[PDB]
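Inspection log for the structure reproduced underneath, given as structure tokens.
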Amino acid sequence: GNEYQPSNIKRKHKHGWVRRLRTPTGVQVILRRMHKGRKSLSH
Amino acid sequence: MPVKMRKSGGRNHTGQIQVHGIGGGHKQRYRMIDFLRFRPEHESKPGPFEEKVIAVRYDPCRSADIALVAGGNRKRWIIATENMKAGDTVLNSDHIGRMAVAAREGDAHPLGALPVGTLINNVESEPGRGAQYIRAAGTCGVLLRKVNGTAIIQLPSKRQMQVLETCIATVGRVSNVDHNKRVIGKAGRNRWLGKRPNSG
Amino acid sequence: XXXXXXXXXXXXXXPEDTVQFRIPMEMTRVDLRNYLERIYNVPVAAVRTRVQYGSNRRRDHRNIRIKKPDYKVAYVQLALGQXXXXX
RNA sequence: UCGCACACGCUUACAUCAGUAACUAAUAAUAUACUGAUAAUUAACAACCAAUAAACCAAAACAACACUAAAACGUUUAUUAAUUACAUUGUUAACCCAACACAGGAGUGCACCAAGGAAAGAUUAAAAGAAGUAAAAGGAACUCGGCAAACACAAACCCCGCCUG
RNA sequence: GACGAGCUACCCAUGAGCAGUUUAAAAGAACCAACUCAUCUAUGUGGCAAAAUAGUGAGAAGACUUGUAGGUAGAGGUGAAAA
């Protein structure tokens with residue numbers, strides 16, 4: 001079949017911006033993303 | 001009185017498994033049981049407490065059946081002793097005396113005011129901490145002797161121990177003595193009790 | 001500038017006391033009613049609003065997917081005795 | 001023949017008009033799945049809302065009852081307090097996950113038809129291959145083994161594991 | 001140093017699903033559709049498909065299946081235990 005089973009709630013909760021803010025490492029992720037000049041910090 | 005119990009299933013607050021093979025069983029409603037028995041205080045008076053046994057019921061959290069107790073001004077649940085009958089009067093007194101009066105198997109008395117040699121259960125460890133001993137069905141303790149301000153109790157594990165005199169205990173034996181004679185017959189019942197197969 | 005009227009566009013036929021409009025997305029029905037009553041001096045019996053999501057189109061030059069601005073449309077029911085006809 | 005509705009989702013695919021040298025659907029026909037421009041229905045539908053403090057025992061199986069595994073959702077009383085709570089979003093657009101317009105994939109309610117799809121390029125009747133049908137007489141003579149396969153399942157005897165998994 | 005339990009393994013919370021027939025009381029036994037599995041054979045072998053299709057076979061009220069909301073990760077987790 002496949003390893004992918006799309007869900008919006010799980011994606012927005014887990015990979016969301018607020019989740020990135022709740023942890024320092026996530027802040028570092030957003031940090032390196034903005035350092036790389038990503039147009040989107042979240043998919 | 002009935003409370004909803006939260007099954008951990010071997011999961012702590014961290015989420016790690018500290019105990020293997022626990023889960024997949026039916027749910028449970030925890031029934032409030034009084035292990036204290038030393039507290040007439042809710043009636044706002046030092047006087048004794050009289051009780052009446054309405055019915056005997058099964059409990060999810062223990063193999064021992066639970067007895068419904070009503071004083072008529074209150075309703076509490078206890079652990080049913082062997083030979084317990086419906087409509088029996090249960091006397092509870094924290095008073096200390098040298099009279100040494102024999103009581104019914106449903107009553108509760110301190111180790112000091114209680115005669116030596118009588119089979120007992122629901123024995124407390126430390127005063128006010130509730131009974132930590134012999135809450136299982138079919139078992140019971142026995143008072144060996146009295147030394148100083150303490151009383152020597154022989155536990156069902158045959159170990160000789162010393163329990164404080166001020167600790168209240170219920171006389172008699174716990175009911176459901178045939179619980180150990182129950183044959184499971186299949187792994188399914190074990191899965192119903194919440195016991196998962198252990199390959200460890 | 002926030003609102004405009006559309007008549008001959010909608011395929012639905014409601015010539016009697018029903019007018020179609022394009023509105024802003026943030027504007028509630030009540031404020032639309034009050035605005036249409038005070039500014040244009042006409043009675044409004046009812047307002048029914050819905051949001052139309054904007055279509056998307058790509059761009060081959062920069063190779064970039066784009067989307068047209070989102071819209072919101074409204075349908076107003078005026079007082080009895082009026083007929084809306086426009087081309 | 002097997003599919004219509006509710007979703008989680010999927011971000012104008014869709015409806016109309018116009019144009020298809022070219023690309024796009026392995027081609028044509030054309031187009032629900034191409035370009036360009038222009039249409040995209042509501043609600044009594046689905047999301048979004050009172051704070052607390054007290055009372056009560058005797059599970060669910062169309063269940064007086066019984067059994068076991070000892071029981072999803074439930075109600076009542078009192079106090080405080082709320083306004084336009086005539087509102088806000090979304091549906092109804094077309095379907096989607098596996099690099100593909102991919103015989104593979106999944107949740108819920110009820111039909112099996114008055115719903116829906118046509119093996120939608122054409123010839124040749126070679127060998128050979130795949131699926132399927134039939135056969136004289138013998139009836140396992142095949143083969144590592146009745147594999148396979150049409151017909152059927154009557155009887156025999158062992159090893160291991162109790163068994164339902 | 002971090003990212004991973006939307007696959008899968010286990011578990012927590014909250015829901016849903018599992019015709020019919022013989023039967024002495026029996027959610028009790030056996031057979032058999034859905035659903036959950038993949039016994040044998042054949043086909044497929046830059047495929048319809050980087051796990052398939054056809055016939056056949058197992059479970060199918062149970063240690064069952066499944067939706068949604070969660071938990072456990074590499075000096076480990078999980079594992080009716082096969083490295």
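Every chain in the structure tokens has a letter given in the order shown (A, B, ...), and although residue numbers restart at 1 in each chain, ligands are simply numbered from 1 in the order shown.
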
Show which residues sit within 9 Å of residue 66 in chain B, as a PDB file with C-alpha atoms, in the first residue's frame. Count only C-alpha atoms (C1' of nucleotides), and ignore same-chain residues fewer than 4 positions away.
ATOM      1  CA  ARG B  31     -16.192   1.675  45.093  1.00  0.00           C
ATOM      2  CA  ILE B  33     -14.406   1.493  51.053  1.00  0.00           C
ATOM      3  CA  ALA B  55     -26.547  -6.336  51.348  1.00  0.00           C
ATOM      4  CA  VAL B  56     -23.367  -8.100  50.225  1.00  0.00           C
ATOM      5  CA  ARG B  57     -21.917  -7.055  46.862  1.00  0.00           C
ATOM      6  CA  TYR B  58     -19.000  -8.003  44.606  1.00  0.00           C
ATOM      7  CA  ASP B  59     -16.120  -5.580  44.005  1.00  0.00           C
ATOM      8  CA  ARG B  62     -10.637  -6.826  45.065  1.00  0.00           C
ATOM      9  CA  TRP B  77     -19.158   0.431  52.129  1.00  0.00           C
ATOM     10  CA  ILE B  78     -16.905  -2.103  53.857  1.00  0.00           C
ATOM     11  CA  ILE B  79     -15.221  -5.432  53.123  1.00  0.00           C
ATOM     12  CA  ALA B  80     -17.522  -8.382  53.803  1.00  0.00           C
ATOM     13  CA  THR B  81     -16.299 -10.801  56.466  1.00  0.00           C
TER      14      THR B  81
END

Would you mind listing what lies within 7 Å of range 36-46 of chain C as a ChimeraX atom specification, with only C-alpha atoms (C1' of nucleotides) counted and same-chain residues fewer than 4 positions away left out?
/C:32,76-79

Write out as a list in words each polymer residue whose atoms come within 6 Å of range 48-60 of chain E, counting only C-alpha atoms (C1' of nucleotides); drop sequence neighbours fewer than 3 positions from it.
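What passes the distance filter is residues 103 and 104 of chain D; 39 of chain E.
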
Okay, now the selection with N, CA, C and O atoms (P, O5', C5', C4', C3', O3' and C1' of nucleotides), as a PDB file, in the first residue's frame?
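Done, and the output landed in part-v5.pdb:
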ATOM      1  P     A D 103      -4.944  -0.130 -13.294  1.00  0.00           P
ATOM      2  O5'   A D 103      -5.990  -0.521 -12.156  1.00  0.00           O
ATOM      3  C5'   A D 103      -5.661  -1.474 -11.150  1.00  0.00           C
ATOM      4  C4'   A D 103      -6.771  -2.476 -10.943  1.00  0.00           C
ATOM      5  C3'   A D 103      -6.519  -3.513  -9.849  1.00  0.00           C
ATOM      6  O3'   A D 103      -7.755  -3.868  -9.230  1.00  0.00           O
ATOM      7  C1'   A D 103      -6.816  -4.611 -11.920  1.00  0.00           C
ATOM      8  P     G D 104      -8.167  -3.234  -7.810  1.00  0.00           P
ATOM      9  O5'   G D 104      -6.848  -3.356  -6.924  1.00  0.00           O
ATOM     10  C5'   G D 104      -6.421  -4.611  -6.409  1.00  0.00           C
ATOM     11  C4'   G D 104      -5.125  -4.478  -5.650  1.00  0.00           C
ATOM     12  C3'   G D 104      -5.215  -3.786  -4.296  1.00  0.00           C
ATOM     13  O3'   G D 104      -5.632  -4.639  -3.240  1.00  0.00           O
ATOM     14  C1'   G D 104      -3.500  -2.784  -5.540  1.00  0.00           C
TER      15        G D 104
ATOM     16  P     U E  39       0.367 -18.550   4.002  1.00  0.00           P
ATOM     17  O5'   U E  39      -0.504 -19.881   3.906  1.00  0.00           O
ATOM     18  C5'   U E  39      -0.118 -21.056   4.603  1.00  0.00           C
ATOM     19  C4'   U E  39      -0.696 -22.295   3.968  1.00  0.00           C
ATOM     20  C3'   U E  39      -0.299 -22.551   2.523  1.00  0.00           C
ATOM     21  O3'   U E  39       0.979 -23.149   2.401  1.00  0.00           O
ATOM     22  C1'   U E  39      -2.633 -22.844   2.766  1.00  0.00           C
TER      23        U E  39
END

Selection near range 18-28 of chain E, 10 Å with only C-alpha atoms (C1' of nucleotides), sequence-local residues under 2 positions removed, as a PyMOL selection string
(chain D and resi 61) or (chain E and resi 30-35+60-61+64-65)

Could you write out that same residue set with C-alpha atoms (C1' of nucleotides) as a PDB file, in the first residue's frame?
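The file below, selection-v7.pdb, is the result:
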ATOM      1  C1'   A D  61     -27.673  -8.678  26.214  1.00  0.00           C
TER       2        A D  61
ATOM      3  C1'   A E  30     -20.622 -27.018  14.135  1.00  0.00           C
ATOM      4  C1'   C E  31     -21.336 -25.168   9.055  1.00  0.00           C
ATOM      5  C1'   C E  32     -21.490 -20.832   6.094  1.00  0.00           C
ATOM      6  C1'   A E  33     -21.809 -14.647   3.807  1.00  0.00           C
ATOM      7  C1'   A E  34     -19.424  -9.689   5.215  1.00  0.00           C
ATOM      8  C1'   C E  35     -14.962  -8.466   7.635  1.00  0.00           C
ATOM      9  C1'   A E  60     -15.438 -15.549  11.472  1.00  0.00           C
ATOM     10  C1'   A E  61     -18.948 -14.074  19.984  1.00  0.00           C
ATOM     11  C1'   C E  64     -12.137 -10.746  17.212  1.00  0.00           C
ATOM     12  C1'   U E  65     -12.110  -6.532  13.624  1.00  0.00           C
TER      13        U E  65
END

What does the structure give for the distance between CA of residue 162 in chain B and CA of residue 175 in chain B, in Å to one decimal?
25.0 Å

Set the distance at 12 Å and use only C-alpha atoms (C1' of nucleotides): which residues neighbour range 3-18 of chain A once local chain neighbours fewer than 5 positions away are removed? I'd like the list as JSON, numbers by chain.
{"A": [23, 24, 26, 27, 29, 30, 40, 41, 42, 43], "D": [8, 9, 10, 96, 97, 98, 105, 106], "E": [3, 4, 6, 7, 8, 68, 69, 70]}

Contacts of residue 66 in chain C within 9 Å, only C-alpha atoms (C1' of nucleotides), excl. fewer than 5 positions in-chain, as a VMD selection string
chain C and resid 56 to 59

Export C-alpha atoms of the chosen residues as an mmCIF file, in the first residue's frame?
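Result file result_32.cif:
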data_model
loop_
_atom_site.group_PDB
_atom_site.id
_atom_site.type_symbol
_atom_site.label_atom_id
_atom_site.label_comp_id
_atom_site.auth_asym_id
_atom_site.auth_seq_id
_atom_site.Cartn_x
_atom_site.Cartn_y
_atom_site.Cartn_z
ATOM 1 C CA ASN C 56 -6.211 29.372 -8.620
ATOM 2 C CA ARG C 57 -3.985 29.723 -11.682
ATOM 3 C CA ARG C 58 -0.283 29.099 -12.269
ATOM 4 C CA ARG C 59 2.414 31.204 -13.918
#

Report as a Markdown table the residues of chain E within 8 Å of chain B, each with its shortest atom pair and distance in Å (one decimal), using only C-alpha atoms (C1' of nucleotides), ordered by chain and increasing residue number.
| residue | atom | partner | partner_atom | distance |
| --- | --- | --- | --- | --- |
| E:11 | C1' | B:9 | CA | 7.1 |
| E:12 | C1' | B:8 | CA | 7.2 |
| E:63 | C1' | B:188 | CA | 5.6 |
| E:71 | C1' | B:15 | CA | 5.5 |
| E:72 | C1' | B:16 | CA | 5.7 |
| E:80 | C1' | B:197 | CA | 6.1 |
| E:81 | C1' | B:199 | CA | 7.1 |

Find the spatial neighbours of range 113-130 of chain B, counting only C-alpha atoms (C1' of nucleotides), within a cut-off of 8 Å - ignore same-chain residues fewer than 4 positions away - and output them as a ChimeraX atom specification.
/B:35-36,38,96-102,109,134-135,139-145,163-164,166-174

Could you write those residues out with N, CA and C atoms, as a PDB file, in the first residue's frame?
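Heads up, here's the output in result_15.pdb:
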ATOM      1  N   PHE B  35     -11.488   1.878  55.293  1.00  0.00           N
ATOM      2  CA  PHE B  35     -10.469   1.088  55.973  1.00  0.00           C
ATOM      3  C   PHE B  35     -10.118   1.709  57.318  1.00  0.00           C
ATOM      4  N   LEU B  36     -10.744   2.844  57.613  1.00  0.00           N
ATOM      5  CA  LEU B  36     -10.471   3.580  58.840  1.00  0.00           C
ATOM      6  C   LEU B  36     -11.216   2.977  60.023  1.00  0.00           C
ATOM      7  N   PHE B  38     -12.284   4.006  62.542  1.00  0.00           N
ATOM      8  CA  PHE B  38     -12.027   4.682  63.810  1.00  0.00           C
ATOM      9  C   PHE B  38     -12.642   6.078  63.849  1.00  0.00           C
ATOM     10  N   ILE B  96     -11.647   2.346  75.236  1.00  0.00           N
ATOM     11  CA  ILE B  96     -10.704   1.378  75.784  1.00  0.00           C
ATOM     12  C   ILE B  96     -11.178   0.865  77.140  1.00  0.00           C
ATOM     13  N   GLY B  97     -11.209  -0.454  77.294  1.00  0.00           N
ATOM     14  CA  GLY B  97     -11.649  -1.063  78.536  1.00  0.00           C
ATOM     15  C   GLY B  97     -11.046  -2.434  78.774  1.00  0.00           C
ATOM     16  N   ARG B  98     -11.030  -2.853  80.035  1.00  0.00           N
ATOM     17  CA  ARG B  98     -10.484  -4.151  80.411  1.00  0.00           C
ATOM     18  C   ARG B  98     -11.572  -5.218  80.459  1.00  0.00           C
ATOM     19  N   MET B  99     -12.787  -4.830  80.084  1.00  0.00           N
ATOM     20  CA  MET B  99     -13.932  -5.736  80.104  1.00  0.00           C
ATOM     21  C   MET B  99     -13.727  -6.938  79.187  1.00  0.00           C
ATOM     22  N   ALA B 100     -13.095  -6.696  78.041  1.00  0.00           N
ATOM     23  CA  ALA B 100     -12.825  -7.732  77.043  1.00  0.00           C
ATOM     24  C   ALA B 100     -14.101  -8.461  76.630  1.00  0.00           C
ATOM     25  N   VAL B 101     -15.006  -7.738  75.979  1.00  0.00           N
ATOM     26  CA  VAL B 101     -16.275  -8.306  75.544  1.00  0.00           C
ATOM     27  C   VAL B 101     -16.180  -8.831  74.114  1.00  0.00           C
ATOM     28  N   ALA B 102     -16.586 -10.082  73.919  1.00  0.00           N
ATOM     29  CA  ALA B 102     -16.575 -10.695  72.595  1.00  0.00           C
ATOM     30  C   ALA B 102     -17.564  -9.998  71.668  1.00  0.00           C
ATOM     31  N   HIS B 109     -12.590  -3.692  66.574  1.00  0.00           N
ATOM     32  CA  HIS B 109     -12.063  -3.284  67.873  1.00  0.00           C
ATOM     33  C   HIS B 109     -10.540  -3.163  67.855  1.00  0.00           C
ATOM     34  N   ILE B 134      -4.222  -7.746  55.127  1.00  0.00           N
ATOM     35  CA  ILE B 134      -5.269  -8.763  55.028  1.00  0.00           C
ATOM     36  C   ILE B 134      -6.585  -8.212  54.474  1.00  0.00           C
ATOM     37  N   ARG B 135      -6.514  -7.585  53.305  1.00  0.00           N
ATOM     38  CA  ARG B 135      -7.719  -7.120  52.629  1.00  0.00           C
ATOM     39  C   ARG B 135      -8.180  -8.132  51.580  1.00  0.00           C
ATOM     40  N   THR B 139      -8.334 -14.925  53.663  1.00  0.00           N
ATOM     41  CA  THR B 139      -7.258 -14.863  54.647  1.00  0.00           C
ATOM     42  C   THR B 139      -7.718 -14.226  55.954  1.00  0.00           C
ATOM     43  N   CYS B 140      -6.808 -14.180  56.926  1.00  0.00           N
ATOM     44  CA  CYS B 140      -7.082 -13.623  58.250  1.00  0.00           C
ATOM     45  C   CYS B 140      -5.830 -13.657  59.121  1.00  0.00           C
ATOM     46  N   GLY B 141      -5.824 -12.845  60.172  1.00  0.00           N
ATOM     47  CA  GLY B 141      -4.731 -12.837  61.126  1.00  0.00           C
ATOM     48  C   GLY B 141      -5.120 -13.466  62.450  1.00  0.00           C
ATOM     49  N   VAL B 142      -4.147 -13.601  63.345  1.00  0.00           N
ATOM     50  CA  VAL B 142      -4.405 -14.106  64.689  1.00  0.00           C
ATOM     51  C   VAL B 142      -3.498 -13.410  65.705  1.00  0.00           C
ATOM     52  N   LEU B 143      -4.073 -12.999  66.833  1.00  0.00           N
ATOM     53  CA  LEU B 143      -3.299 -12.351  67.884  1.00  0.00           C
ATOM     54  C   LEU B 143      -2.578 -13.389  68.737  1.00  0.00           C
ATOM     55  N   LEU B 144      -1.249 -13.333  68.737  1.00  0.00           N
ATOM     56  CA  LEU B 144      -0.444 -14.280  69.499  1.00  0.00           C
ATOM     57  C   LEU B 144      -0.369 -13.922  70.979  1.00  0.00           C
ATOM     58  N   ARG B 145      -0.069 -12.657  71.262  1.00  0.00           N
ATOM     59  CA  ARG B 145       0.125 -12.196  72.633  1.00  0.00           C
ATOM     60  C   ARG B 145       0.197 -10.673  72.700  1.00  0.00           C
ATOM     61  N   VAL B 163       2.355  -5.323  65.966  1.00  0.00           N
ATOM     62  CA  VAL B 163       1.495  -4.221  65.553  1.00  0.00           C
ATOM     63  C   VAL B 163       1.080  -3.394  66.768  1.00  0.00           C
ATOM     64  N   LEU B 164       1.049  -2.074  66.606  1.00  0.00           N
ATOM     65  CA  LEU B 164       0.704  -1.167  67.698  1.00  0.00           C
ATOM     66  C   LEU B 164      -0.689  -1.450  68.261  1.00  0.00           C
ATOM     67  N   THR B 166      -2.955   0.606  69.593  1.00  0.00           N
ATOM     68  CA  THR B 166      -3.993   1.579  69.272  1.00  0.00           C
ATOM     69  C   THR B 166      -4.590   1.369  67.881  1.00  0.00           C
ATOM     70  N   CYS B 167      -3.987   0.478  67.101  1.00  0.00           N
ATOM     71  CA  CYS B 167      -4.487   0.169  65.767  1.00  0.00           C
ATOM     72  C   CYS B 167      -5.763  -0.666  65.840  1.00  0.00           C
ATOM     73  N   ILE B 168      -6.816  -0.190  65.182  1.00  0.00           N
ATOM     74  CA  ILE B 168      -8.098  -0.887  65.178  1.00  0.00           C
ATOM     75  C   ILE B 168      -8.099  -2.005  64.133  1.00  0.00           C
ATOM     76  N   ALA B 169      -8.738  -3.123  64.463  1.00  0.00           N
ATOM     77  CA  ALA B 169      -8.810  -4.256  63.548  1.00  0.00           C
ATOM     78  C   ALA B 169     -10.167  -4.949  63.625  1.00  0.00           C
ATOM     79  N   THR B 170     -10.601  -5.516  62.504  1.00  0.00           N
ATOM     80  CA  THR B 170     -11.870  -6.231  62.452  1.00  0.00           C
ATOM     81  C   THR B 170     -11.673  -7.708  62.773  1.00  0.00           C
ATOM     82  N   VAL B 171     -12.503  -8.234  63.669  1.00  0.00           N
ATOM     83  CA  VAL B 171     -12.427  -9.640  64.045  1.00  0.00           C
ATOM     84  C   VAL B 171     -13.062 -10.525  62.975  1.00  0.00           C
ATOM     85  N   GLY B 172     -12.673 -11.795  62.952  1.00  0.00           N
ATOM     86  CA  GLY B 172     -13.244 -12.747  62.019  1.00  0.00           C
ATOM     87  C   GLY B 172     -12.389 -12.967  60.787  1.00  0.00           C
ATOM     88  N   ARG B 173     -12.913 -13.748  59.847  1.00  0.00           N
ATOM     89  CA  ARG B 173     -12.201 -14.051  58.611  1.00  0.00           C
ATOM     90  C   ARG B 173     -12.905 -13.434  57.407  1.00  0.00           C
ATOM     91  N   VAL B 174     -12.134 -13.124  56.369  1.00  0.00           N
ATOM     92  CA  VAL B 174     -12.694 -12.571  55.142  1.00  0.00           C
ATOM     93  C   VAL B 174     -13.464 -13.645  54.379  1.00  0.00           C
TER      94      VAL B 174
END

For chain C, list the residues within 9 Å of chain D, counting only C-alpha atoms (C1' of nucleotides), and write the list as a PyMOL selection string.
chain C and resi 9-11+28-30+48+50+52-56

For the residues selected in the previous step, produce a file with N, CA, C and O atoms as an mmCIF file, in the first residue's frame.
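Output below, filename again10.cif:
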data_model
loop_
_atom_site.group_PDB
_atom_site.id
_atom_site.type_symbol
_atom_site.label_atom_id
_atom_site.label_comp_id
_atom_site.auth_asym_id
_atom_site.auth_seq_id
_atom_site.Cartn_x
_atom_site.Cartn_y
_atom_site.Cartn_z
ATOM 1 N N UNK C 9 -25.370 38.159 -14.082
ATOM 2 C CA UNK C 9 -24.357 37.122 -13.980
ATOM 3 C C UNK C 9 -24.935 35.834 -13.449
ATOM 4 O O UNK C 9 -24.713 34.774 -14.075
ATOM 5 N N UNK C 10 -25.670 35.889 -12.341
ATOM 6 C CA UNK C 10 -26.189 34.690 -11.709
ATOM 7 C C UNK C 10 -27.226 34.060 -12.593
ATOM 8 O O UNK C 10 -28.066 34.771 -13.184
ATOM 9 N N UNK C 11 -27.183 32.737 -12.705
ATOM 10 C CA UNK C 11 -28.100 32.020 -13.568
ATOM 11 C C UNK C 11 -29.419 31.821 -12.880
ATOM 12 O O UNK C 11 -30.432 31.548 -13.559
ATOM 13 N N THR C 28 -20.385 41.642 8.386
ATOM 14 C CA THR C 28 -21.539 40.857 8.813
ATOM 15 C C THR C 28 -22.816 41.298 8.099
ATOM 16 O O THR C 28 -22.879 42.395 7.544
ATOM 17 N N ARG C 29 -23.821 40.428 8.110
ATOM 18 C CA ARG C 29 -25.097 40.693 7.450
ATOM 19 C C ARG C 29 -25.799 41.940 7.986
ATOM 20 O O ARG C 29 -26.360 42.725 7.218
ATOM 21 N N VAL C 30 -25.771 42.111 9.304
ATOM 22 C CA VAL C 30 -26.466 43.216 9.959
ATOM 23 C C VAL C 30 -25.938 44.575 9.504
ATOM 24 O O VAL C 30 -26.715 45.470 9.164
ATOM 25 N N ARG C 48 -28.905 37.050 3.133
ATOM 26 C CA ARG C 48 -28.303 35.719 3.142
ATOM 27 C C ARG C 48 -26.917 35.739 2.504
ATOM 28 O O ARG C 48 -26.787 35.950 1.302
ATOM 29 N N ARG C 50 -22.888 34.155 1.759
ATOM 30 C CA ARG C 50 -22.059 32.964 1.605
ATOM 31 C C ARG C 50 -20.682 33.339 1.064
ATOM 32 O O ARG C 50 -20.532 34.345 0.371
ATOM 33 N N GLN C 52 -17.388 32.669 -1.252
ATOM 34 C CA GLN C 52 -16.889 32.018 -2.458
ATOM 35 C C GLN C 52 -15.363 31.994 -2.484
ATOM 36 O O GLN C 52 -14.717 33.037 -2.607
ATOM 37 N N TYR C 53 -14.790 30.800 -2.370
ATOM 38 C CA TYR C 53 -13.341 30.644 -2.372
ATOM 39 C C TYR C 53 -12.771 30.928 -3.759
ATOM 40 O O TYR C 53 -13.325 30.494 -4.770
ATOM 41 N N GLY C 54 -11.659 31.656 -3.800
ATOM 42 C CA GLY C 54 -11.060 32.066 -5.054
ATOM 43 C C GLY C 54 -10.384 30.942 -5.815
ATOM 44 O O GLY C 54 -9.726 30.084 -5.229
ATOM 45 N N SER C 55 -10.552 30.953 -7.135
ATOM 46 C CA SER C 55 -9.913 29.973 -8.006
ATOM 47 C C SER C 55 -8.412 30.229 -8.087
ATOM 48 O O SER C 55 -7.947 31.326 -7.783
ATOM 49 N N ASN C 56 -7.653 29.215 -8.487
ATOM 50 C CA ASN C 56 -6.211 29.372 -8.620
ATOM 51 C C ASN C 56 -5.728 29.196 -10.057
ATOM 52 O O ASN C 56 -6.360 28.511 -10.863
#
